[PDB]
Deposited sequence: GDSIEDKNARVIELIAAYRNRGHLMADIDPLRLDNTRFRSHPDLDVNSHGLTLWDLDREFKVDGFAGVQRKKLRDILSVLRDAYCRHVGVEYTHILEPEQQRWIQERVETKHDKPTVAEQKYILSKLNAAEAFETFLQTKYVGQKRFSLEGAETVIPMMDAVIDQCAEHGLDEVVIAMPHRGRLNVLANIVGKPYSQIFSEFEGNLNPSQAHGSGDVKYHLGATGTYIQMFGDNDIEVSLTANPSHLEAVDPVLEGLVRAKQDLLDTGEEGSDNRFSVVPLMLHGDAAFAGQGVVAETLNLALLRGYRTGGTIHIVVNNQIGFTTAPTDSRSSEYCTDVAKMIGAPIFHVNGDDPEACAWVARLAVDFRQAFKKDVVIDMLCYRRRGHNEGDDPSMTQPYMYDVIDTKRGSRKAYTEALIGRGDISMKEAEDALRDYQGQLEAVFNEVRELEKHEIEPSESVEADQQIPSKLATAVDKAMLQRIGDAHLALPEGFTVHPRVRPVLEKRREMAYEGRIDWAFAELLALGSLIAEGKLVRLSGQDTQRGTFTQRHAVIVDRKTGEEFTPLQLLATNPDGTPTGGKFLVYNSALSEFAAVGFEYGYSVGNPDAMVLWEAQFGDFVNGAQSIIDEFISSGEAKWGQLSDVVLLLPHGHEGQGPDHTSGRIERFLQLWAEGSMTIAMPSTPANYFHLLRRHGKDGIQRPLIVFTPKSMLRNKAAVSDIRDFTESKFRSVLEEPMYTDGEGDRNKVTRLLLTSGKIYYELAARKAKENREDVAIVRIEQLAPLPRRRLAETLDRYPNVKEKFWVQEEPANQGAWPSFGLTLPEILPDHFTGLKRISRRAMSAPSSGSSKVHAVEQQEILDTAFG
């Protein structure tokens, strides 16, 4: 055949290596697949090895092309990059992977060996000194320590400010000692642990460089990968604070997320896809995450063939076009080199890089597990494997890189590392009294900001009346719920606070009520009225900012991210909004594992606000309830604040108190839908200037009007929008004998204010808890049990008025809903 035919085959052989060489790469330290390892023979023969072929524009022999291709793609590094859509990114990897690599210096090699000495000495101590540390063993994966070191060092070489780590339990205390740099006295203070879940901060100092970098580790539950979006939010909050990245003056993103994973969890957990989906979003990007999968090719007892449907545990990363590097855990030099390349890619393209470190799990999953019961072949191979430290020491002698004296020096150092940890451990034998009210000038300034439009801006004809009605409300009163929320956030911004608000369609609002961002009818340009309050009338900044975004169609990653954002900046006002509260159950792992329990478990505090649209309106069981009963079940003294305000102003004070109380505590708010446009659910200017947050509320006839509380014999305790309906029935039926009291703050129950209020009704003979929600839902399951115990002289005999107990939050029929609703109001007045 022609030289033209042979050339064609070489161009295709070059493409075959770049695309699929990773499949032939020697990445498995155990060499378990005997059928893993000729592509060359496809019209090309031994005769063509010395024939020259054109290459990008030099002319090289086939053997020279093959040696470069084999070294680059078929040794201890499996490169996946031809799936990347950006040609610049493919060319960048191709250039650094296909160049002739200069081997590490003896100094660098000795430094890697000192980190393997430290990693293995730490593990030996752990297994020896304490019982039940098998589940946390990094044995067979110690190369992750010089690899993490190389990541952090490379970040310090770029002059970045911090590396924040998220990881599961395997090798955590090893990471704390050898990466984070925590002393042994702190690591093993009182060992029984909770130490496998706590956060930590330290300073990394470069060995050959001039820079330092902050290194921190975040707190996490046992729930594998749940921390992934939490880390991202935490890093973004830090980036915003340092004026770096998306919301900063530089494009450096100088706070780096380093996310560690297990191979079974990285493939099976959906939050991984959800977090990767945040990587390039304006409201969630962190300039790219460095991911490390400690791929020990097992999940407790489960083989990769039962854990994933793809060649690699990292194939989910192809979702966002991230480059993936599969690296042999027995080659610490290739592991460190890939780590540095990854940081350089993240710096050049502000996008995620995935490192798949192939290794093994030397022990069973936990103390009292013979892993050969379920995987005999794997553990017969592992039982003959020499340790990575001794193998690397053996390699350096073999290659003549280090002398026999130097090997003895390295062995002396190891014993000194072991003696170091054994010796040190042996020797180890308020609320702020601030006013939430604002002046009339503040309310006016926020209303005027809605009309202070940019030059030549065109407002949509349907959005213009909203802007004008807000200037009217600000000066005249009759302020609705949607305006009161912006009055609260805008006035915090004016006071210098960072306010971050986000969720699905949050910019406009699900119910077309917010309009926090307005779109230019002719150019699509955005305008944020509250961003004007970040500047004082004299032009100087307040220090405040309005960061408002539309989220992705996620709950788990979005709620996790917002929780992490509040941990990353305790001074920020962070609010996440559900489309409807009914969808927040998709983020249950975050509510359970982080928001409701993080403080008691880890001492980690969060001031995150969750806005959950709630209310029975006939819109179905997936558009009715934020599951009040579940949040109330999770609650414990000082856990969270749980509220359901009935008034725009009482919600204003609720938010303002939350952002100014100097306490870090999550706030759960059951927000309205149709009550947003209820003409009665409106507030006076005075309610914003001359009042505070009211945890309990009475009818305005008893506080402002001419209402006689002594004629009252039946008292209806309620929360939410049903008050207005009960009150309307009271007005039409002219009933003086009945009064309605609203519990605005559900948790903590306001015992004192509730008592004081009921004492103003001396002739009450029957008390009733009124709710829209079924008997097994709403506030009744908890209130029914706690109210007669907490206040026995006020709630012993407290009966229930509600929808009947159901297996769903509501009926599916809006006609049934209308019938059930009239029944409650008829019983309340029966």
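Unmodelled segments of the deposited chain, in sequence order: 1, 39-44, 64-67, 204-215, 453-467.
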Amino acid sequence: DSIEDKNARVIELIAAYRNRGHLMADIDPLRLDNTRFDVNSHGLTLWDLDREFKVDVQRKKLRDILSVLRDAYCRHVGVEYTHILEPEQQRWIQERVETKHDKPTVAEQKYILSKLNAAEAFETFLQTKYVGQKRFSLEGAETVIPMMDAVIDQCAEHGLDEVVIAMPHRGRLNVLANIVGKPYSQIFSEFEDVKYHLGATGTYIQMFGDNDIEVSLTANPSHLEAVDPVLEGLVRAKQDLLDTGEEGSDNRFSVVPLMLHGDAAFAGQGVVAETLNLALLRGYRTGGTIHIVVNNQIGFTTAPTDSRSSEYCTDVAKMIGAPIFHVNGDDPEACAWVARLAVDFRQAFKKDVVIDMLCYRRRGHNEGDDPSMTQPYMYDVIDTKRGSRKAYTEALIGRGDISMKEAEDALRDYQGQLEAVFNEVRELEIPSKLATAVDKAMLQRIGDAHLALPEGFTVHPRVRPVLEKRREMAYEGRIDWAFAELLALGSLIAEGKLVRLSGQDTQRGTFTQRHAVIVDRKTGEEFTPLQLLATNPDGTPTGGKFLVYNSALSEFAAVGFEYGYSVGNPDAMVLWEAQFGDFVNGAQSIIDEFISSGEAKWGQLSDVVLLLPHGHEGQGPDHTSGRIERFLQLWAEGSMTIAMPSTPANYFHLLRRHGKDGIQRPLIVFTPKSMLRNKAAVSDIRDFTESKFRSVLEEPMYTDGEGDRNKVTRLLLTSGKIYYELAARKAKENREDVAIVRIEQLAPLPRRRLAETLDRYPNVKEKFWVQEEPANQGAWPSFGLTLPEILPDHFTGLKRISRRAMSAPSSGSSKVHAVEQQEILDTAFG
From here on, numbers count along this sequence of modelled residues.
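When the C-alpha B-factors of 345-353 and 397-405 are averaged, 397-405 comes out higher. When the two stretches 335-343 and 728-736 are set side by side, the higher mean Cα temperature factor goes to 728-736. In this structure the maximum Cα B-factor among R282, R508, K129, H158 is found at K129. As recorded in the entry, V741 carries the highest CA temperature factor of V741, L224, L278, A200.
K440 sits in the highest third of its chain by CA B factor, as recorded in the PDB entry. Among the modelled residues of its chain, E593 has a C-alpha B-factor that falls in the lowest third, as given in the PDB entry. Among the modelled residues of its chain, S811 has a C-alpha B-factor that falls in the middle third according to the deposited record. Per the PDB record, residue ranking by Cα B-factor puts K469 in the highest third of the chain. Compared with the other modelled residues of the chain, the Cα B-factor recorded for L451 ranks in the highest third.
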